[PDB]
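Written out below as structure tokens is the structure these notes cover.
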Amino acid sequence: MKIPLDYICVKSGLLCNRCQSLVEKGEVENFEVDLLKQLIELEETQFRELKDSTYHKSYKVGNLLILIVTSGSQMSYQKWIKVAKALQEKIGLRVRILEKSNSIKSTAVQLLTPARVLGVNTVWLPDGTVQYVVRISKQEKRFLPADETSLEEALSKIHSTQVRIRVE
Ligand SMILES: [Zn+2]
């Protein structure tokens with residue numbers, strides 16, 4: 001798989017100066033480094049298809065890991081759910097693979113699944129700052145994969161903007 005650190009460094013535990021700086025800089029957070037270990041482990045052992053994918057900056061919020069990726073032409077959406085459960089056993093936290101997307105409506109549909117989303121509103125302040133609102137049926141709120149405020153923080157981090165959930 002394509003990643004932001006050296007395979008040797010990640011698997012070694014011993015970082016070259018270049019990788020170590022990335023971790024100090026914060027570009028590869030510490031929990032991201034653990035993912036990279038378990039990811040490379042999980043492709044040598046279990047998923048040759050992983051080597052076609054691409055790692056992307058990933059976020060952690062509370063008990064939840066959100067992994068952003070680009071799936072290679074080898075990676076079944078099923079296999080990603082398989083990869084998620086693999087990660088969720090090696091690491092303690094819950095794992096959610098989201099494929100990297102540039103619209104906020106795409107990544108909100110993926111995360112909030114199994115719940116279904118009603119719609120997404122963009123809004124532009126007089127400031128010009130853009131905010132987003134993901135509408136969900138009251139029924140669906142019971143199907144959210146994590147409490148609504150953690151999903152809000154998650155979505156807000158990924159797209160570096162304000163994201164809010166309206167249970168209407
Ligand atoms: Zn290195």
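Residue names in the structure tokens use chain letters A, B, ... in the order shown, residue numbers from 1 in each chain, and ligand numbers from 1 in the order shown.
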
Output as JSON lines one row per residue of chain A within 12 Å of ligand 1: the closest atom pair and its distance in Å to one decimal place, counting only C-alpha atoms and all ligand atoms, sorted by chain and residue number ascending.
```
{"residue": "A:3", "atom": "CA", "partner": "ligand 1", "partner_atom_place_in_ligand_line": "1 (Zn)", "distance": 11.2}
{"residue": "A:4", "atom": "CA", "partner": "ligand 1", "partner_atom_place_in_ligand_line": "1 (Zn)", "distance": 9.2}
{"residue": "A:5", "atom": "CA", "partner": "ligand 1", "partner_atom_place_in_ligand_line": "1 (Zn)", "distance": 5.8}
{"residue": "A:6", "atom": "CA", "partner": "ligand 1", "partner_atom_place_in_ligand_line": "1 (Zn)", "distance": 4.4}
{"residue": "A:7", "atom": "CA", "partner": "ligand 1", "partner_atom_place_in_ligand_line": "1 (Zn)", "distance": 7.5}
{"residue": "A:8", "atom": "CA", "partner": "ligand 1", "partner_atom_place_in_ligand_line": "1 (Zn)", "distance": 6.9}
{"residue": "A:9", "atom": "CA", "partner": "ligand 1", "partner_atom_place_in_ligand_line": "1 (Zn)", "distance": 4.9}
{"residue": "A:10", "atom": "CA", "partner": "ligand 1", "partner_atom_place_in_ligand_line": "1 (Zn)", "distance": 7.6}
{"residue": "A:11", "atom": "CA", "partner": "ligand 1", "partner_atom_place_in_ligand_line": "1 (Zn)", "distance": 10.2}
{"residue": "A:12", "atom": "CA", "partner": "ligand 1", "partner_atom_place_in_ligand_line": "1 (Zn)", "distance": 9.7}
{"residue": "A:13", "atom": "CA", "partner": "ligand 1", "partner_atom_place_in_ligand_line": "1 (Zn)", "distance": 10.1}
{"residue": "A:14", "atom": "CA", "partner": "ligand 1", "partner_atom_place_in_ligand_line": "1 (Zn)", "distance": 8.2}
{"residue": "A:15", "atom": "CA", "partner": "ligand 1", "partner_atom_place_in_ligand_line": "1 (Zn)", "distance": 5.3}
{"residue": "A:16", "atom": "CA", "partner": "ligand 1", "partner_atom_place_in_ligand_line": "1 (Zn)", "distance": 4.1}
{"residue": "A:17", "atom": "CA", "partner": "ligand 1", "partner_atom_place_in_ligand_line": "1 (Zn)", "distance": 6.5}
{"residue": "A:18", "atom": "CA", "partner": "ligand 1", "partner_atom_place_in_ligand_line": "1 (Zn)", "distance": 5.5}
{"residue": "A:19", "atom": "CA", "partner": "ligand 1", "partner_atom_place_in_ligand_line": "1 (Zn)", "distance": 4.4}
{"residue": "A:20", "atom": "CA", "partner": "ligand 1", "partner_atom_place_in_ligand_line": "1 (Zn)", "distance": 7.1}
{"residue": "A:21", "atom": "CA", "partner": "ligand 1", "partner_atom_place_in_ligand_line": "1 (Zn)", "distance": 9.3}
{"residue": "A:22", "atom": "CA", "partner": "ligand 1", "partner_atom_place_in_ligand_line": "1 (Zn)", "distance": 9.2}
{"residue": "A:23", "atom": "CA", "partner": "ligand 1", "partner_atom_place_in_ligand_line": "1 (Zn)", "distance": 10.5}
{"residue": "A:28", "atom": "CA", "partner": "ligand 1", "partner_atom_place_in_ligand_line": "1 (Zn)", "distance": 11.8}
{"residue": "A:33", "atom": "CA", "partner": "ligand 1", "partner_atom_place_in_ligand_line": "1 (Zn)", "distance": 11.7}
```

Tell me, as a list in words, which residues lie within 7 Å of residue 168 of chain A, counting only C-alpha atoms; anything in the same chain fewer than 2 positions away does not count.
-> residues 135, 136, 137, 138 and 166 of chain A

Got time to write the residues from that selection, N, CA and C atoms, as a tab-separated table (two decimals), in the first residue's frame?
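Generated file (result_3.tsv):
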```tsv
chain	number	residue	atom	x	y	z
A	135	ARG	N	-28.81	16.09	7.62
A	135	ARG	CA	-30.15	15.82	8.09
A	135	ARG	C	-30.33	14.31	8.17
A	136	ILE	N	-30.90	13.84	9.27
A	136	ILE	CA	-31.23	12.42	9.44
A	136	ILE	C	-32.63	12.31	10.02
A	137	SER	N	-33.39	11.34	9.52
A	137	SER	CA	-34.70	11.04	10.07
A	137	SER	C	-34.59	10.78	11.57
A	138	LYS	N	-35.66	11.05	12.31
A	138	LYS	CA	-35.63	10.72	13.74
A	138	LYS	C	-35.45	9.22	13.94
A	166	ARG	N	-28.61	17.32	12.29
A	166	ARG	CA	-29.96	17.76	12.63
A	166	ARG	C	-30.83	16.51	12.63
```

Which residue of A:81, A:87, A:133, A:66 approaches residue 42 of chain A most closely, using only C-alpha atoms =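 Selected residue with least distance to residue 42 of chain A: A:87.
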
List every residue of segment 32-109 of chain A that DSSP, applied to the backbone, labels as strand (DSSP E or B), and write the result as a list in words.
-> residues 54, 55, 56, 57, 58, 59, 60, 61, 64, 65, 66, 67, 68, 69, 70, 94, 95, 96, 97, 98 and 99 of chain A

Based on the selection just made, write N, CA, C and O atoms of those residues as a tab-separated table (two decimals), in the first residue's frame.
```tsv
chain	number	residue	atom	x	y	z
A	54	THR	N	-4.05	3.36	-1.10
A	54	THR	CA	-3.28	4.52	-0.69
A	54	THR	C	-3.81	5.00	0.66
A	54	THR	O	-5.02	5.21	0.81
A	55	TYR	N	-2.91	5.11	1.64
A	55	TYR	CA	-3.22	5.72	2.93
A	55	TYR	C	-3.36	7.24	2.78
A	55	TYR	O	-2.66	7.86	1.97
A	56	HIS	N	-4.24	7.84	3.59
A	56	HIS	CA	-4.47	9.28	3.66
A	56	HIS	C	-4.61	9.71	5.11
A	56	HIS	O	-5.00	8.91	5.96
A	57	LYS	N	-4.28	10.98	5.38
A	57	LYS	CA	-4.38	11.48	6.75
A	57	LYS	C	-5.62	10.95	7.41
A	57	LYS	O	-6.72	11.03	6.85
A	58	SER	N	-5.46	10.35	8.58
A	58	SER	CA	-6.61	9.79	9.26
A	58	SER	C	-6.77	10.37	10.65
A	58	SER	O	-5.83	10.87	11.27
A	59	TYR	N	-8.02	10.37	11.08
A	59	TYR	CA	-8.48	11.07	12.26
A	59	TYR	C	-8.91	10.04	13.27
A	59	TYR	O	-9.28	8.92	12.89
A	60	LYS	N	-8.77	10.38	14.54
A	60	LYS	CA	-9.25	9.59	15.66
A	60	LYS	C	-10.06	10.50	16.55
A	60	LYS	O	-9.61	11.60	16.89
A	61	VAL	N	-11.23	10.02	16.95
A	61	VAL	CA	-12.10	10.82	17.79
A	61	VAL	C	-12.74	9.92	18.84
A	61	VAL	O	-13.57	9.06	18.52
A	64	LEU	N	-13.00	6.02	18.45
A	64	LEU	CA	-13.24	5.71	17.06
A	64	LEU	C	-12.07	6.15	16.21
A	64	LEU	O	-11.59	7.29	16.31
A	65	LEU	N	-11.64	5.25	15.35
A	65	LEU	CA	-10.64	5.52	14.34
A	65	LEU	C	-11.36	5.70	13.02
A	65	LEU	O	-12.20	4.87	12.65
A	66	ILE	N	-11.06	6.78	12.32
A	66	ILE	CA	-11.56	6.97	10.97
A	66	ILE	C	-10.37	6.99	10.03
A	66	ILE	O	-9.52	7.89	10.08
A	67	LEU	N	-10.33	5.98	9.18
A	67	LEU	CA	-9.26	5.77	8.24
A	67	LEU	C	-9.73	6.24	6.87
A	67	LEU	O	-10.76	5.76	6.37
A	68	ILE	N	-9.01	7.19	6.30
A	68	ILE	CA	-9.25	7.67	4.95
A	68	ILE	C	-8.30	6.95	4.01
A	68	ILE	O	-7.09	6.88	4.28
A	69	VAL	N	-8.82	6.44	2.88
A	69	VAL	CA	-8.03	5.64	1.95
A	69	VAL	C	-8.45	6.00	0.53
A	69	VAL	O	-9.47	6.64	0.30
A	70	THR	N	-7.65	5.54	-0.43
A	70	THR	CA	-8.06	5.39	-1.83
A	70	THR	C	-7.97	3.91	-2.17
A	70	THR	O	-6.89	3.32	-2.08
A	94	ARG	N	-12.74	1.15	17.82
A	94	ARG	CA	-13.55	0.85	16.66
A	94	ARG	C	-12.97	1.52	15.43
A	94	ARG	O	-12.44	2.63	15.50
A	95	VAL	N	-13.09	0.83	14.30
A	95	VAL	CA	-12.49	1.26	13.05
A	95	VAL	C	-13.59	1.53	12.04
A	95	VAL	O	-14.57	0.78	11.96
A	96	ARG	N	-13.42	2.59	11.25
A	96	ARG	CA	-14.33	2.86	10.14
A	96	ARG	C	-13.50	3.31	8.95
A	96	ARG	O	-12.84	4.35	9.01
A	97	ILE	N	-13.49	2.51	7.90
A	97	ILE	CA	-12.84	2.89	6.67
A	97	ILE	C	-13.81	3.78	5.92
A	97	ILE	O	-14.98	3.42	5.75
A	98	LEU	N	-13.34	4.95	5.51
A	98	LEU	CA	-14.07	5.86	4.64
A	98	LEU	C	-13.18	6.11	3.43
A	98	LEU	O	-12.01	6.47	3.60
A	99	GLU	N	-13.70	5.95	2.22
A	99	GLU	CA	-12.84	6.28	1.10
A	99	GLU	C	-12.76	7.78	0.91
A	99	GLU	O	-13.75	8.50	1.12
```

Can you tell me how far atom CA of residue 88 of chain A sits from atom CA of residue 32 of chain A, in Å to one decimal?
-> 13.8 Å

Point-to-point distance in Å for atom CA of residue 149 of chain A and atom CA of residue 92 of chain A =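 Distance reported for this atom pair: 21.0 Å.
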
Would you please extract all alpha helix (DSSP H) residues from chain A, as assigned by DSSP on the backbone, and give them as a PyMOL selection string?
-> chain A and resi 7-12+17-25+30-45+77-90+104-112+148-158

Can you pull out every residue within 12 Å of residue 121 of chain A, counting only C-alpha atoms, but drop anything in the same chain fewer than 6 positions away, and send it as a PDB file with C-alpha atoms, in the first residue's frame?
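Below is the file selection29.pdb, written as the result:
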```pdb
ATOM      1  CA  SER A 103     -17.595  16.363  -1.122  1.00  0.00           C
ATOM      2  CA  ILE A 104     -18.781  16.300   2.423  1.00  0.00           C
ATOM      3  CA  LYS A 105     -22.013  14.619   1.378  1.00  0.00           C
ATOM      4  CA  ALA A 108     -21.176  11.718   5.564  1.00  0.00           C
ATOM      5  CA  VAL A 130     -19.066  27.438   4.648  1.00  0.00           C
ATOM      6  CA  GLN A 131     -20.972  25.259   7.116  1.00  0.00           C
ATOM      7  CA  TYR A 132     -22.628  21.919   6.555  1.00  0.00           C
ATOM      8  CA  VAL A 133     -25.711  20.238   8.069  1.00  0.00           C
ATOM      9  CA  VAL A 134     -26.472  16.508   7.663  1.00  0.00           C
ATOM     10  CA  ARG A 135     -30.153  15.817   8.091  1.00  0.00           C
ATOM     11  CA  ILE A 136     -31.228  12.424   9.435  1.00  0.00           C
ATOM     12  CA  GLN A 162     -18.095  22.944  10.547  1.00  0.00           C
ATOM     13  CA  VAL A 163     -20.395  19.927  10.307  1.00  0.00           C
ATOM     14  CA  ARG A 164     -23.566  19.454  12.356  1.00  0.00           C
ATOM     15  CA  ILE A 165     -26.263  16.777  12.570  1.00  0.00           C
ATOM     16  CA  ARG A 166     -29.958  17.759  12.631  1.00  0.00           C
TER      17      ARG A 166
END
```

To one decimal in Å, tell me the separation between atom CA of residue 139 of chain A and atom CA of residue 118 of chain A.
->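 Separation of atom CA of residue 139 of chain A and atom CA of residue 118 of chain A: 10.9 Å.
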